[PDB]
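Note: ideal-geometry Cβ built from the backbone for every residue, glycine included; neighbour counts use all protein chains shown. Derivation of every value follows stated rules applied to the coordinates shown; laboratory data play no part.
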Amino acid sequence: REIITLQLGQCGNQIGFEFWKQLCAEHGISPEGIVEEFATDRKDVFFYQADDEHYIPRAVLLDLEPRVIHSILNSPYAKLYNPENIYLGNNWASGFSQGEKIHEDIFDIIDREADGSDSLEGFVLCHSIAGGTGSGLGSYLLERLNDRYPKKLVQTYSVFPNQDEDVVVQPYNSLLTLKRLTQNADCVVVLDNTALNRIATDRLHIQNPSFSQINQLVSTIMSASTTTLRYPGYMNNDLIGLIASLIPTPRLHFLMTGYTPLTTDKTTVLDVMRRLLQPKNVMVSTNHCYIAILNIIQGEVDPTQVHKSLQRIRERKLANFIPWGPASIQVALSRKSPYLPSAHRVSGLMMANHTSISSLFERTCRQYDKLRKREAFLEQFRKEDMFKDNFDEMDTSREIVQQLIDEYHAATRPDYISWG
Amino acid sequence: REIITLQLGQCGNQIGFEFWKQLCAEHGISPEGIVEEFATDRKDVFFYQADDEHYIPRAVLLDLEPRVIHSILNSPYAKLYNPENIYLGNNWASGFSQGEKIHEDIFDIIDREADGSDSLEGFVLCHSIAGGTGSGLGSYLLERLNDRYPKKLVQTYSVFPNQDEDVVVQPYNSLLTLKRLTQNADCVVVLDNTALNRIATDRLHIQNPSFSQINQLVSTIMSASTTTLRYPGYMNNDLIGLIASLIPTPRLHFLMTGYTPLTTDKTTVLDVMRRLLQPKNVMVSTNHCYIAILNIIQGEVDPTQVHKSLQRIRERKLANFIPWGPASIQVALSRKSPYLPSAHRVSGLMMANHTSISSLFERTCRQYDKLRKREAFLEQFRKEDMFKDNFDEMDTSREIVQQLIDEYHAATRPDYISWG
Amino acid sequence: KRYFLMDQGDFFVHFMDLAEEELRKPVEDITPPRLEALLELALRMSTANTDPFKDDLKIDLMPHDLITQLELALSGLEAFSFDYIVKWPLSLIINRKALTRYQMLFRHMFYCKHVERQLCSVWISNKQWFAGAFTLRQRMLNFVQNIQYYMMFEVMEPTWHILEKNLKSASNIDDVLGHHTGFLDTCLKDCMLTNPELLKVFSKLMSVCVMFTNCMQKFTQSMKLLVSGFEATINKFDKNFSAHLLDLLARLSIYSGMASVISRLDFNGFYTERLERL
Amino acid sequence: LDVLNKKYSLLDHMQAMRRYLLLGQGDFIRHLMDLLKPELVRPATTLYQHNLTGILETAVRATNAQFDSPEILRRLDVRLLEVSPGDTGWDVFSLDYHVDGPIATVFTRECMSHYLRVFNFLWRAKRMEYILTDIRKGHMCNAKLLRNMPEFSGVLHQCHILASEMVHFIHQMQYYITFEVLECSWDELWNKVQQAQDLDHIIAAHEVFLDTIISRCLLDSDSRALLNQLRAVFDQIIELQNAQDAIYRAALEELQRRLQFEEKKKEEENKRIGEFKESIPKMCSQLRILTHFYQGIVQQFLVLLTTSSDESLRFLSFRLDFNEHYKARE
């Protein structure tokens, strides 16, 4: 069915706008919005279709004190959207309280596109973790759309703040938002700034204007992850069947992402599979290993070569991973997109459950604990104190993510007959 | 038979003039009035036909202290009409008393075009609710032409004043005029300013000059609603057979209106029916649902596709409505008009009885009640005090519209074997 | 190939959800005008509407299952098919026998499209603390999706690619019919419409999964509004699933790639032999 | 074909065998029938053909039909069938399109007879629709004078609800006759004449056109009972115009007598209130059994409609019920 996307945060609104720019380049529309007669493709799961010849993308544009949204206005894509949902803090708790006081009218904006379409499948949350304006508010609406509708699917697009230590309040914020993503979202697509910055410094020569480049990298990822849904495949071409294969344990819903062209600014399948398994073509940063991998192909692919290629990785002993179930590596095939200039014809995807990211989590679980011993880096905001007078909800969230780390460490081994 | 239109109010005279401009573009006449030889169509139900080559539209042009009528004079359509009926308040009661004192000569103007034509079918009242000059006077003549002629039909073109709260005397005026429309008119075509303003802000970029655009929207609606009468169809091509199908209960005569091109500044029938049922292509703003719908088509329409399309809505479960009778959804077909530039060839209509508008009514029934508790917003006009010393006629009208709301709330359910 | 071999999947993911609840009911409880409107639909809404031939597709039933290749209380999950009718110059190649073989392939594939979406639909109903049913659900859904892909890109697509080369080299119509017959024989023989038992082990395999879906949703809705009497049915279903899996692997190992499917089903090589053969 | 379509104007005649006989022009038919109602309610022994011809001239040059060819309007003329001593103008009336030239070779008396039969069908339905819009007109006129009597509210409301399902029935039959009995057939005829290059093709196309019209209309040999059912739902239409008026000939007059009694005053009225308590139960119990009779005959139509032709008549079944009224009270 149809999928509604919601973007908040300034960085989130930017990457949502660039994503819709990428899809306007993808789909049979002009940059004004008007249909082009050159075109197979479906424009229904992400675009509301009138006959106003300007098919409006199904995005909910919410903000706090619009600054970059003015720059979103000065563009030729100002005729692509106008659903009139633009409305005028610093912490998780302050942003949570500010989202608390105005919940009725933003939820009326949600109920508007809920009543606008008749079929409903999923909500994509475009959000940055511990981002200030995004944090607190995004966790609040995440709690509310899961509590209000238990029949739909919740997916999230999320980056990870990592700068190798400055914001001293970030481990509290990420800790609480990770609780809310684990208990109020069914699947989370995890990215970080650091690995994409590393790959960007690898391909280009960039130090200062990194943001403008990594946005392009992210948008290529999010378009690629939706090519199987927008163009009709037969495997996991709905969101529900896609997420139903990727979760072996209901606490594990974090998906690793890669992309086989590391630079785009002939091939057989075993080549791109082996290039795919390398950690440098991976976009997300003791024995730590995958539980189950799904890889998705896009290009001119002969069908018998994929069988030989999977046989090749079986013979390589590149499978030095060992979970406790026979749920295995997964191949899928979709077409490369027509209708646009398409360089580097065959390109890959991976969607995998990897426990190396738990190290990333425990770094936050390290940092907050140190600040919890010092008690000088909570910054003592007034709404933060009124919202929780004892600050034991952060301690309870630390307990939940500690159980999450123990369940990860049990999921690494082939012994999960007992709970971890 | 022939239908006489009467327009009052400055806004009503404007939209009547624009409507006759639209029909002069429609019919085989020039902007001076002279016949063009390019032309099927009938110019008898709305145009008096002499051989003066300037066929005079059957409009009665009444006014109070003409201001915009001077702007009506400075036009090339000043040779289309001159029936010499232009004659020189603020409330319903003051306008009612001013209409009371001069009833003889305006009713002589009515008796003039009554004796002018031999066949008579209906009177269209072009009127704005609580409009000042229109209010009071329009309700008075509405009472008089129903009391004088019980063999003819009374239709009204009417907009609803809504500004989301300024005029403090509007709920009294609209309350009394709604009593007079329910008891002195057989059918009322209801519009509001707010939904057309919303659709106008959707299609264009307009904030200040909204009036000049919504007039065009209204005129397209009123021409479309008359295309089945002016061009000979075989179903409801008289007013009487049209209204005889739309009324299931003699207190319910308010018709919902939509238009399938939301912007005009290929198709099969199931497409425009499904686009038609959407609330955004609807022009009028617990379970609230239609009692009976009539939809009218205009365009290049194959006859067997309409049967399949009606079967499609039957299979969609878009019929989540349930009144107490088997009186059902209704399709009709008329031709698209020749003889003019016709873009967006296939266009739709709806004529439906919907109870969501009762919420609009009770907002007025809320507001007046609050002012009735305060007693500082009646503005105490002298003719208002002399016309009713106790102001119990507003209380009786509130009782009548309360019974109207109860009858609406009974008509919503499938249980109307008892009176509501 | 567009409707039988599923070359438009948006058609199926719309049609199946809008059609299963009327389709599920027993024989002589369904009326054909209702299903004809719902089919004409999910074609006209989808982008499978672009081809010039879209009204040859009609719905009929097979009340007689795989028995016919040498039902009475259910329909639409045991009696369902599409027939794509033929004109006079096109009936020289694709005639009645080819259509029946295509139909008896498509009927066996309808079950593998069916059971996977039952598992995916019971997953979303629930997004110490009994969780062994999750392991069984995940094992079955991974299994049936791997089986589906293996049929999709091992048999159907490569021989269709080969047919696209063979029919462009034809010089008489006795080469066209020969290529079509060889295509049909290879695609029917390589799939699971061939053994002296015709793989009833696979039918029982999917039968215990539809039983698993049914019992698990009936228990979870009633618990939401014993916990060890419910455990025994799941343990039995797990035992039967493993037993029939070892039976399928034994019946593939006796007849001499084609050991392909095992290499995908167990990437690690676990459960690869839990009982020695002969 | 070329000389027949210009020197005898064969095609312009064929355009006027749909407009007039099969009601394809439609405005001339309703404007003729509004002016002919007091004549036809009389017995037709006191009706003569010159009085039909004269009012026909008004209808023709008042309506659009004046702008068409003098030949085809000359060929429209009235006719009257053979009389009986028990007679009604609605029973004996016809429009006859004359056939002049050698056009008799293209159109025989048998196709005229089937033309007259379908005209009789669309004659019955087009009368009963006028009677029902008079029912709705009486509801909209009399009730706003009946605002000083709320004791009639039950029986007037019952007559209001009884009108509307008849409006639904005679608003779904008259689209079953439009978009399937005069439009799909018109498409197949206009295709198979304009491509055809032989007279033997165009005659054999009009033949199957007209025999499909006999099959789609309810005038076949096997659908006779169906028609005999359908006549029964026209019965309770025309009956209603008397019964509704049987309200106003007692109800509305007493209110004027009451206003004159009030103007006297500027012992009698207790009997006027009591005779209402004598009158209201009888008219209520009459309207109730008329209601139940009408529901029973329309349900017995709908159960008989299921066993019919495979596709053509089955479509009508869908038309008569879209809400499943006859599948919630069955």
query = At B:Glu100, with labels set 7 Å past Cα in the Cβ direction, how many nm apart are the copies from this one, shortest first?
reply = 6.0
query = With the dipole of the protein assembly as shown worked out from charges on the C-beta (+1 for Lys and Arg, -1 for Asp and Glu) around the Cα centre, which of B:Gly233, C:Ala79, B:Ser309 lies farthest toward the positive end?
reply = C:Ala79
query = Hey, if you put +1 on the Cβ of every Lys and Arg and -1 on every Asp and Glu Cβ in chain D, which of D:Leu226, D:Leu290, D:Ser312 ends up farthest toward the positive end of that dipole?
reply = D:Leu290
query = Expressed as cubic angstrom per residue, what is the convex hull volume of the alpha carbon set of chain C?
reply = 180
message = Working only with C-alpha atoms, what are the Rg and Dmax values of the range D:1-40, expressed in angstrom?
response = 14.6, 46
task = Starting from the Kirkwood radius over alpha-carbon pairs of chain B, derive D by Stokes-Einstein at 4 °C in a medium of 1.567 mPa s and give it in µm² s⁻¹.
result = 57
inquiry  = Just to be sure I understand the model, the point goes 7 Å from the Cα along the line to the Cβ. What's the resulting B:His288 to C:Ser242 distance in nm?
reply    = 6.1
task = Jot down the radius of gyration and Dmax of the range C:1-127, Cα atoms only, both in angstrom.
result = 15.3, 54
key: For the range D:1-124, the fraction of alpha-carbon pairs in successive 5 Å shells from zero, as %   = 2, 9, 20, 23, 20, 15, 7, 3, 1, 0
message = Please report, for A:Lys370, the nm distances (one decimal) from its label point, 7 Å out from Cα along the beta-carbon direction, to the equivalent points in the remaining copies, shortest first.
response = 5.7
Reciprocal mean inverse distance between Cα atoms of the range D:207-276 - Kirkwood radius, Å = 16.8
request  = Using a 10 Å cut-off on Cβ to Cβ distances, tally the other chain neighbours for every residue of C:264-276 and report the average as a whole number.
outcome  = 4
Order by protection proxy (mean Cβ within 10 Å, highest first), peptides D:167-176, D:89-98, B:173-182 = B:173-182, D:167-176, D:89-98
Most positive-pole-ward Cα, A:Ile3, A:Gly89, A:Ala50, against dipole of the range A:1-119 from beta carbon charges = A:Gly89
ask   = Along the range D:287-300, what does the Karplus equation 6.51 cos²θ - 1.76 cosθ + 1.60 (θ = phi - 60°) give for ³J(HN,Hα), rounded to whole Hz, x for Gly and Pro?
value = 5, 5, 6, 4, 4, 5, 4, 5, 4, x, 6, 6, 5, 6
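Work out the mean other chain Cβ neighbour count within 10 Å for the residues of A:240-248 and drop it here as an integer. Could the numbers behind the result be given before it?
Numbers: counts 6, 9, 1, 4, 13, 9, 0, 4, 5.
Going residue by residue through A:240-248 and averaging, the value is 6.
What dipole magnitude, in Debye to the nearest 20, does the protein assembly as shown give about its Cα centre under +1 on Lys/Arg Cβ and -1 on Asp/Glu Cβ? Spell out each step's value before the answer.
Numbers: 154 positive and 181 negative charges, 793 e Å.
Approximately 3820 debye in magnitude.
Counting other C-beta atoms within 10 Å, and keeping those with at most 15, which DSSP coil chymotrypsin sites (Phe, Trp or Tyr not before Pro) do you find in the range A:292-363?
On the way: sites: A:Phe321, A:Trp324, A:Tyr339, A:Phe361; in loops: A:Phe321, A:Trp324, A:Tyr339.
Here the sparse-neighbourhood loop sites are A:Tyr339.
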ask   = Which residues in the range D:225-256 place their backbone N less than 18 Å from a point set 7 Å from the Cα of D:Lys282 along the Cα-to-Cβ direction?
value = D:242-254
ask   = Once label points are set 7 Å from the Cα along Cα→Cβ at both D:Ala232 and D:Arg74, what is their separation, rounded to one decimal in nm?
value = 5.0
inquiry  = Show me the chymotrypsin sites (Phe, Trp or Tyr not before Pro) within the range D:1-68 that DSSP assigns to loop and that have at most 13 other Cβ atoms within 10 Å of their Cβ.
reply    = D:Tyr48
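Based on the Cβ-Cβ distance of D:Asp310 and B:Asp51, what FRET efficiency does E = 1/(1 + (r/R0)^6) give at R0 = 56 Å, to the nearest 0.05?
On the way: r = 58 Å, r/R0 = 1.04.
After rounding, the FRET efficiency stands at 0.45.
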ask   = Which distances, shortest first and in nm, link A:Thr264 to the matching position in the other copies, using label points set 7 Å out along Cα to C-beta?
value = 4.3
query = Between D:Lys6 and B:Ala343, what FRET efficiency follows from the Cβ-Cβ distance if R0 is 35 Å, with the result rounded to 0.05?
reply = 0.40
inquiry  = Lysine pairs in the range C:1-154 with Cα distance under 19 Å, only those 8 or more apart or on different chains: how many are there?
reply    = 10
message = If I model a spin label at B:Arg413 and B:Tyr149 as a point 7 Å from the Cα along the Cα→Cβ vector, what separation in nanometres do I get?
response = 4.2
request  = Grab the DSSP H runs of chain A that are 4 residues or longer, score each as -39,500 (n - 2.57), total them, divide by all residues and round the 222 nm result to the nearest 500 deg cm²/dmol.
outcome  = -13500 deg cm²/dmol
key: Values of log10 I(q)/I(0), in the order q = 0.05 Å⁻¹, for the protein assembly as shown under a Debye, Cα-only, solvent-free model   = -0.52
ask   = Taking the range B:16-124 as the region of interest, what is the percent of Cα-Cα pairs per 10 angstrom bin, listed from the shortest bin to the one with the maximum distance?
value = 11, 39, 34, 13, 3, 0
request  = Quote the charge dipole size of the range B:149-205 about the Cα centre in Debye, to the nearest 20; the model charges only the Cβ of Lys and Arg (+1) and of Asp and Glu (-1).
outcome  = 420
ask   = Quick one: Debye curve from the C-alpha atoms of the range D:72-222, no solvent, what's log10 I(q)/I(0) at q = 0.08, 0.16, 0.18, 0.20 Å⁻¹?
value = -0.39, -1.06, -1.21, -1.34
request  = Provide the FRET efficiency to the nearest 0.05 for the B:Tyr77-D:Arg258 pair, computing r from the beta carbons and using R0 = 60 Å.
outcome  = 0.70
ask   = Along the principal axes of its C-alpha atoms, what lengths does the range D:200-330 span, in descending order and rounded to whole Å?
value = 85, 38, 24
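Normalise the Cα radius of gyration of the range D:146-197 by 2.2 N^0.38 Å (N = residues in it) and let me know the number. Could you put the intermediate results ahead of the total?
Working: Rg = 22.0 Å, N = 52, 2.2 N^0.38 = 9.9 Å.
Compared with the compact-globule rule of thumb, the range D:146-197 sits at 2.23.
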message = Treating only the Cβ of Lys, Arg, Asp and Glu as charged (+1, +1, -1, -1), what charge dipole size does the range B:40-193 show about its Cα centre? Round to the nearest 20 debye.
response = 260
ask   = Counting only other chains, what is the mean number of Cβ atoms within 10 angstrom of the Cβ of each residue in peptide B:301-308?
value = 4
query = Amide H to amide H under 5 Å from B:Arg58: which residues, 5+ apart in sequence or cross-chain, H placed 1.01 Å off N in plane?
reply = B:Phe47, B:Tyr48
ask   = ³J(HN,Hα) across the range A:356-368 via Karplus (A = 6.51, B = -1.76, C = 1.60, θ = phi - 60°), whole Hz, x for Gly/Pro?
value = 5, 4, 4, 4, 4, 5, 6, 4, 5, 5, 6, 5, 3
